Amino acid sequence: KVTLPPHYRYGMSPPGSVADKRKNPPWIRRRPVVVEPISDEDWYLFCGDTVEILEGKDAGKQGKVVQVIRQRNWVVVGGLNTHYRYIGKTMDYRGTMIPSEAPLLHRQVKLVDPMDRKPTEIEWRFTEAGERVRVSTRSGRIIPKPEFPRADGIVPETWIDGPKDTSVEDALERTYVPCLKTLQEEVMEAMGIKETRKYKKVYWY
Amino acid sequence: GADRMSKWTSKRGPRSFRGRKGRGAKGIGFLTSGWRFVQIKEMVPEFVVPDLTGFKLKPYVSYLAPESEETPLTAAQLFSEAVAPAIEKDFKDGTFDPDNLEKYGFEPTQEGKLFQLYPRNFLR
Amino acid sequence: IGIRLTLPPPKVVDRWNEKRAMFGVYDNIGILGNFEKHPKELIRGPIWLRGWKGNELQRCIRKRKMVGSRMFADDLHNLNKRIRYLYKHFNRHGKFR
Amino acid sequence: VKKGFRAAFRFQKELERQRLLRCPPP
Amino acid sequence: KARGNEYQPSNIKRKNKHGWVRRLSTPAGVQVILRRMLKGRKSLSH
Amino acid sequence: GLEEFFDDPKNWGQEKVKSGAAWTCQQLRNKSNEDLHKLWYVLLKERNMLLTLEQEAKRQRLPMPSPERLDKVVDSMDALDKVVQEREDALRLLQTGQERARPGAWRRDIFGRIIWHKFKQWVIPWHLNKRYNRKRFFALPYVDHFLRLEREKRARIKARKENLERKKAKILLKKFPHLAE
Amino acid sequence: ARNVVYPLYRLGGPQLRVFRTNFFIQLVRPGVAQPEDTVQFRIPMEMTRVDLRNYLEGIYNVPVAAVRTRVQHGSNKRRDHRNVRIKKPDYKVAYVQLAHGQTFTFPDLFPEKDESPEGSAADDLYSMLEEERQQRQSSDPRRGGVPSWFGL
Amino acid sequence: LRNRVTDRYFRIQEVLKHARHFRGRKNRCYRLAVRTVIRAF
RNA sequence: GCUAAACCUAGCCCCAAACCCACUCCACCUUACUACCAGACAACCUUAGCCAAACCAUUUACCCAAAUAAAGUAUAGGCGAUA
RNA sequence: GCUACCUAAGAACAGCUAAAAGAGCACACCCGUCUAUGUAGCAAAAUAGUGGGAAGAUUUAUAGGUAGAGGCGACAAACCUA
RNA sequence: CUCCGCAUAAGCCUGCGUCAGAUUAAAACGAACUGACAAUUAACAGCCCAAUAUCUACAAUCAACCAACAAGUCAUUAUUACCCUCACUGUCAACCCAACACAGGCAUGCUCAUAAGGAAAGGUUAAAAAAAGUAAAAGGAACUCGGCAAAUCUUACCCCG
Ligand SMILES: [K+]
Ligand SMILES: [K+]
Ligand SMILES: [K+]
Ligand SMILES: [K+]
Ligand SMILES: [K+]
Ligand SMILES: [Mg+2]
Ligand SMILES: [Mg+2]
Ligand SMILES: [Mg+2]
Ligand SMILES: [Mg+2]
Ligand SMILES: [Mg+2]
Ligand SMILES: [Mg+2]
Ligand SMILES: [Mg+2]
Ligand SMILES: [Mg+2]
Ligand SMILES: [Mg+2]
Ligand SMILES: [Mg+2]
Ligand SMILES: [Mg+2]
Ligand SMILES: [Mg+2]
Ligand SMILES: [Mg+2]
Ligand SMILES: [Mg+2]
Ligand SMILES: [Mg+2]
Ligand SMILES: [Mg+2]
Ligand SMILES: [Mg+2]
Ligand SMILES: [Mg+2]
Ligand SMILES: [Mg+2]
Ligand SMILES: [Mg+2]
Ligand SMILES: [Mg+2]
Ligand SMILES: [Mg+2]
Ligand SMILES: [Mg+2]
């Protein structure tokens, strides 16, 4: 389960990983990082959103967010605000220098308007059907949430039922007839097991 | 000098202590003279395994199954699904009476039944 | 050793926040309001310490008399022992008799 | 950690003097 | 002669002298268990 | 036979094995009791196979081909148990009106704490049971002080928690001035 | 079953039946030499040898002749942070003898043949690392440490 | 209000600066240098 | 140059306000955390001392329901300490 | 759970003379006379040699009992967790 | 060398089995340190036995002669009830009580010098003082509070009990 301690410093690594355990040891006790309490209804930055970096290293470049961390209010864009690190380095082999992105706070990124590539301000407004969507305050532009890869990594279109996967028709076939009967009684009657000896009274205390 | 924090099991103590303690297995008989154990077949649990020939269900479900709303089953819902149609039919036909709820499906007392809802005298 | 090697973060005091700006207002409430209310009624704090001053023994006696029934068991026991010790110190020990 | 600023300032000045002694400027 | 080995382990003696039933038999042992519970001891009785 | 404890021989040694989704509560409700019984046995066989595979992977110091399958099977079995329990509880509430299937009572213990005592099955009446009579379900007037002390300790803990929360809120407001609005 | 209240039995009466058992077993490879007809399982404490025999004969339809059970005790010697003993869970080891001369051998669940197939997938980062390491050359001693980047 | 001394370093140095040409531990240990500095004065 | 030195948070304290706890399943008064047999065992009752009186023996403040004032007044006391 | 005493049911005591032994010599076993070593020691009372008893008022395993204004004591003001 | 040793009881609870590391052992590789993985399988023991009435004077000591006093661990019957069976727990180790890998304490069965279990010396030299032993010319207690120690394995007494 990897039960997090009361003060667990989140970082650019998934919890319960080899890197985290090399870091974040169970005996570590560091100063907590104060995080602005953005509510679930106030967080407007999602995965796949094209935001423009403000006040950051790029300060104007627009990129797609690749990872969100609501624990520390972090959104990381792809290929932007990068620093060079040697990965896979050995004693003699210097390693392949690659750019790794640094996390950015919510105040340091502003979502771009789909209508005009300039950044815009997000206001949560419910639609006629009750679907709360991100609306640009500049011109009332609806900003739909970009589609992100599914959590399990299974595309519904690109998925064929396996030998141990129940088909949709079999899973949706309703064969349950409600009745004032128990599972034990139903199984007994179905399998034909017959019992005639009654259960005598036992004192409960 | 004894570890109070450790769990007290059947591996600790003299022979009597080790023999008088169990790991939680339910008894299936009784002891008689000569330290002779008599086993009761009825006390021995009997597994009920159905026939899995032709059973179309599988351990996993395809991801193409559409999502459905979740509605936990309630007593009122069960009464509406099972007893309400018959009760309404009899009421409309005029054959309804307040004395044949047992006919409609009610159980006055759980006594005299192999499976009793309260107290539960049957296993899962 | 025993002294910091870096300067502490600078300390900024908002000399004109609401509390410091309105400190001392309504102090002369009785004088400028036909003595309807006394200035000691504006003091907020412990119920046994409102417009009253005294030494430690008097404070302990007043607290035990006023809120002794509402105190916790350990707190009341400690207060009783403190009162006993203060009584002994102030009535049996000292330099001037 | 002890509350205070004067002692820290004085010790910082002494450290600066020591640094100047260790690395004399041209 | 040589001392320090006054504790000769015996599970039956230990359980009889210090145990849940022994503590609960008398009101004094109940008070001891209550004090241990109030303090927060992991082991209330032997 | 003993083959069912192991996965398919073709799938043996594969890095990853495909698997579907887990049965949901609504899907299991849509099925009958006999179907739920058979599906429970199938899930039990699959769970035994997955546990065997995990244990052998630990033995051979190799990663499990697909740990998520065990979690999916466990979730499906838990959902089946939940559906069966809901049906049983609804039927019991209809027929008798009792919420729980095991009789119980609210009893004060020897330490003065109010607890839920669940009744046990016996053969002799309650008064004739020597071991049951040896138990005390009352508190003599020497536990009131300890109850008061425990209450005061809990009150101290609650007050500490509330004060710490207020201090944290103040620190947060100090660090972020715009949160005042 | 486990963590359930068995109904009390009286002389005569019905038969105790379990419909949805929650006893889960796992076939473990024996750590020592065993007879051919011997199969080793790890089971919870609440499962008896009679229950295991009925389980096997009703669910998996495995003929069973003799079952012998023992209780294996986990090690509590390990000390974690704060010098607190961590208890490795105990279990029950069961040995089952096949009832019709059948022989069981534990199969190799991790064949190297399937673990190293022709069809393999390589990460882009791994491929880039390998290619760059192959391209990069060790410094020749005759250069004496002079960088080998400048064409001059 | 808890008050603690923060300039003990300078207080010690005001005496140790006069005890640096001595011999032994009475030029770096305050409890030994203070007695010799007074005698020197 | 080593050994080392430095840190700012975890949290805690006093008030105020408000009268707090309670049972996924299973086990737990017998050797607690132990599925399952013939009992009768049941609570109530002055606190005493250290200490002060320069010993000590009578005596020696210990919240008992409104802050203050009456008032350290009446009164009690080896008419002493002190109450 | 050490120790002082007691209770219930147990165990051990080679060999030699005499056999009638709260008898003798003498191993296991109990105790600790004298000397030497050690004195932060191997040990908060030990080691080596030498000693007394060793079929009895003996030694000892297990469970229980006597609790401090006391217990218990073949009275040493002993022992009751160094 | 063999003080033992093997097993049970009591006690402790994985505490020198495999693999990957070598922190560490009162030096040091060994591994008793770290992590993971295995394990001890009941016939041996524990866990027993329905009710009401009723019966039980004649020791053990090879138990046969004698011989005792301290007077002794080791039994039933009548009636009613009673078809049913092999469950559960302990099984490892170089191990327990003494702050320790402590020259101490530790109950039984067998072995009586071993078929089982172990190593007094890290290397060198051979000063003083010290400890444990061996041998000694002539004398044999002249030593000393005292034949204390060591050697050989005496006689006659006195006081106290
Ligand atoms: K005074
Ligand atoms: K005095
Ligand atoms: K010793
Ligand atoms: K051990
Ligand atoms: K003389
Ligand atoms: Mg001790
Ligand atoms: Mg003893
Ligand atoms: Mg066994
Ligand atoms: Mg006095
Ligand atoms: Mg005196
Ligand atoms: Mg006796
Ligand atoms: Mg003899
Ligand atoms: Mg004799
Ligand atoms: Mg003799
Ligand atoms: Mg005398
Ligand atoms: Mg005397
Ligand atoms: Mg047997
Ligand atoms: Mg063995
Ligand atoms: Mg002894
Ligand atoms: Mg040998
Ligand atoms: Mg040596
Ligand atoms: Mg040497
Ligand atoms: Mg000579
Ligand atoms: Mg002479
Ligand atoms: Mg002579
Ligand atoms: Mg002379
Ligand atoms: Mg001599
Ligand atoms: Mg005599």
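Here the Cβ positions follow ideal geometry from the backbone for every residue, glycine too, while neighbour counts run over all protein chains shown. Bear in mind that the values in this text are calculations on the coordinates, not laboratory data.
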Could you check the spin-label model distance between residue A:147 and residue B:97? Points 7 Å from the Cα along Cα→Cβ, value in nm. 6.4 nm
Run down the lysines and flag those whose C-alpha is under 20 Å from the C-alpha of residue F:170, throwing out any fewer than 8 positions away in its chain. C:11, C:19, F:158, F:161
Among the listed pairs C:37/C:65; C:40/F:153; A:201/F:31; E:17/F:135, give every one whose C-alpha distance is greater than 28 Å. C:40/F:153; A:201/F:31
Mind checking which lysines have their Cα closer than 21 Å to the Cα of residue H:26? Skip sequence neighbours fewer than 8 apart in that chain. H:17
Distance from region G:15-31 to region A:1-72 (C-alpha centre basis), Å: 44 Å
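Quote to one decimal, in nm, the extra length available between residue A:105 and residue A:123 on full extension: 0.36 nm per residue of separation minus the C-alpha distance between them.
Values: separation 18, 0.36 × 18 = 6.48 nm, distance 1.85 nm.
Full-extension gain reported as 4.6 nm.
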CD proxy, 222 nm, the protein assembly as shown: helix-only mean residue ellipticity via -39,500 (n - 2.57) per DSSP H run with n ≥ 4, per residue, nearest 500, stands at -9500 deg cm²/dmol
Packing-ranked peptide list from B:23-29, E:31-37, highest mean Cβ count within 10 angstrom first, is E:31-37, B:23-29
In nm, what is the difference between 0.36 nm times the number of residues separating residue F:132 and residue F:116 and their Cα-Cα distance? 4.2 nm
Against the longest alpha carbon principal axis of chain F, how many degrees, from 0 to 90 and to the nearest 10, is the axis of helix F:68-95 turned? 60 degrees
What's the FRET efficiency of residue H:31 with residue D:18 using the Cβ-Cβ distance as r and R₀ = 22 Å, to the nearest 0.05? 0.35
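To make sure I understand, if each residue's beta carbon is the centre and we count other beta carbons within 10 Å, what order do F:172, D:21, F:2 fall in, fewest to most?
Final ranking by Cβ density, sparse to dense: D:21, F:172, F:2.
Computed FRET efficiency, Cβ-Cβ of residue G:57 and residue A:72, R0 45 Å: what is it to the nearest 0.05?
On the way: r = 57 Å, r/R0 = 1.26.
That gives a FRET efficiency of 0.20.
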Considering chain G as a Gaussian network with a 10 Å cut-off on Cα pairs, which listed residue, G:111, G:14, G:44, attains the greatest mean-square fluctuation? G:14
Fully extended contour minus Cα-Cα distance, from residue F:10 to residue F:105, at 0.36 nm per residue: 28.5 nm
Helix G:124-135 against the longest principal axis of chain G: what's the angle in degrees, Cα atoms only, rounded to the nearest 10? 40 degrees
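Using the Cβ atoms and a cut-off under 9 Å, what net charge is assigned to the surroundings of residue B:25, where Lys and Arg are +1 and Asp and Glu are -1? Please list the in-between numbers first.
Values: positive: B:23, B:26; negative: G:46, G:51.
Residues near residue B:25 contribute 0 overall.
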Alpha-carbon centroid distance for the pair region C:1-65 / region B:53-112, whole angstrom: 70 Å
Set B:58/G:88; B:21/E:13; F:16/F:72; A:110/F:175; B:113/F:118; B:56/F:18 screened for pairs whose C-alpha atoms are more than 27 Å apart: B:58/G:88
Taking beta carbons within 10 Å but only from partner chains, what does the mean come to for residues G:101-108? 3
Ordering of A:27-35, A:42-50 by packing [mean C-beta count within 10 Å, highest first]: A:42-50, A:27-35
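May I ask you to derive the FRET efficiency for residue C:52 and residue C:25 from their Cβ-Cβ distance with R0 = 22 Å, giving the value to the nearest 0.05?
Calculated transfer efficiency: 0.40.
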Three-way shape label, chain F, alpha-carbon gyration tensor, a/c 1.5: oblate
For region A:110-158, state which trypsin sites (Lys or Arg not before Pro) are in a DSSP loop and have at most 14 other beta carbons lying within 10 Å of their beta carbon. A:117, A:138, A:141, A:150
Once both labels are modelled 7 Å past Cα along the beta-carbon direction, what's the residue B:7-residue G:152 spacing in nm? 7.7 nm
From other protein chains only, count the Cβ atoms within 10 Å of every residue's Cβ in H:1-7, then give the mean. 5
Virtual spin-label span in nm between residue A:40 and residue A:64, 7 Å along Cα→Cβ: 2.7 nm
Region G:131-150 and region A:142-161: distance between their alpha carbon centers, rounded to Å: 47 Å
Helix B:75-93 sits at what angle to the longest principal axis of chain B, using alpha carbons and giving 0 to 90 degrees rounded to 10? 40 degrees
Kindly provide the pair-distance distribution of region F:56-121 built from C-alpha pairs, with 10 Å bins from 0 and whole-percent values in order of increasing distance. 16, 22, 22, 19, 17, 4
Would chain C count as rounded, prolate or oblate if I go by the C-alpha gyration tensor, calling it rounded below 1.5 in a/c and otherwise prolate when a/b exceeds b/c, oblate otherwise? oblate
